[PDB]
């Protein structure tokens, strides 16, 4: 048995406590959140087809206190529907509470709450950028392996109302048809190259004509003309992605054909950025809600 309502209540009760207060879930409760959410992820498409109204959120990176603040502003589930774009863990103080609340809400509201995979939701990255160490401190390495099985089953992209393409990183020179996303089978790792890598790792660059090299040591950059051609080919209006710190929490690219969202304010106490979420209403009006107070980009190959 998973007492899901007890877990959620305990996760939410620290909202009135000192910042950074941990939540005392058991190992078996956390394993239950991973196993039941994994089953739900596998039962839904890898390319989600979603309908507004929806609130779309970017990286969180274990800033649990800020996640609670974001839910307070946007409305706690199920008052609003949510889509998160990945990067739930690593590079913050409370990855465990963050991912546990997200997974609990996925289980409780499986048709109203959605999580995509970011590049930190894979073993080779979150082994070193903090999540493995956090799991080891609080629980054990076996629990990190259980989270990895759950992360290996996350969906990769979403299309909202046939008009907003959502993913963590960005476009891929290998992405010619949406069927190529749908054909990816789970559980899977994130490869060091190819379509699934690029969806989680690539970045827009205004100075690139076409595709370029990415200084993270993996994947590509892509220019405004790539965005325009992709939207035209697929009859889409917007790419919504995350994966980069931006000062206002949101930042447009390519004459508002792409937006980057980033939802962790004052990222890891080193940057002066806001965190934002984008609300899409039933008429497809998009609006922003901001929580306002390089070295920030994660890289591949740190082990090599």
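Residue numbers count along the first chain shown, from 1. Rigid core here is just the name for the largest C-alpha set that superposes within 1.5 Å across the two forms.
Once the rigid core is matched, which of the two stretches, 263 to 271 or 23 to 31, lies farther off on average in 5 other deposited structures of this protein by C-alpha?
After the core superposition, the stretch with higher RMS deviation in 5 other deposited structures of this protein is 263 to 271.
Between neighbours residue 294 and residue 293, residues that the deposited sequence lists but the model omits
Unmodelled stretch: 10 or more residues.
Which of 102 to 110 and 225 to 233 has higher mean CA B factor, as the PDB entry lists it:
Mean C-alpha B-factor is greater for 225 to 233.
Greater mean Cα temperature factor according to the PDB record, 133 to 141 or 114 to 122
Between 133 to 141 and 114 to 122, it is 133 to 141 that shows the higher mean C-alpha B-factor.
Selection by C-alpha B-factor (highest) of 189, 87, 213, 149
Of 189, 87, 213, 149, 213 has the highest C-alpha B-factor.
Taking the C-alpha B-factors as the PDB entry records them, is residue 37 in the lowest, middle or highest third of its chain?
According to the entry, residue 37 has a C-alpha B-factor in the chain's lowest third.
Taking only the Cα B-factors deposited for this chain, tell me whether residue 64 sits in the lowest, middle or highest third.
Answer is middle: the recorded C-alpha B-factor places it there.
Where does the C-alpha B-factor of residue 127 rank in its chain, lowest, middle or highest third?
Lowest third, going by the recorded CA B-factors of the chain.
According to the PDB entry, is the CA B factor of residue 243 in the bottom, middle or top third of its chain, that is, lowest, middle or highest?
Its C-alpha B-factor, which the entry lists for residue 243, ranks in the lowest third among residues of this chain.
Please rank the C-alpha B-factors of the chain's modelled residues and tell me whether residue 262 sits in the lowest, middle or highest third.
Answer is lowest: the recorded C-alpha B-factor places it there.
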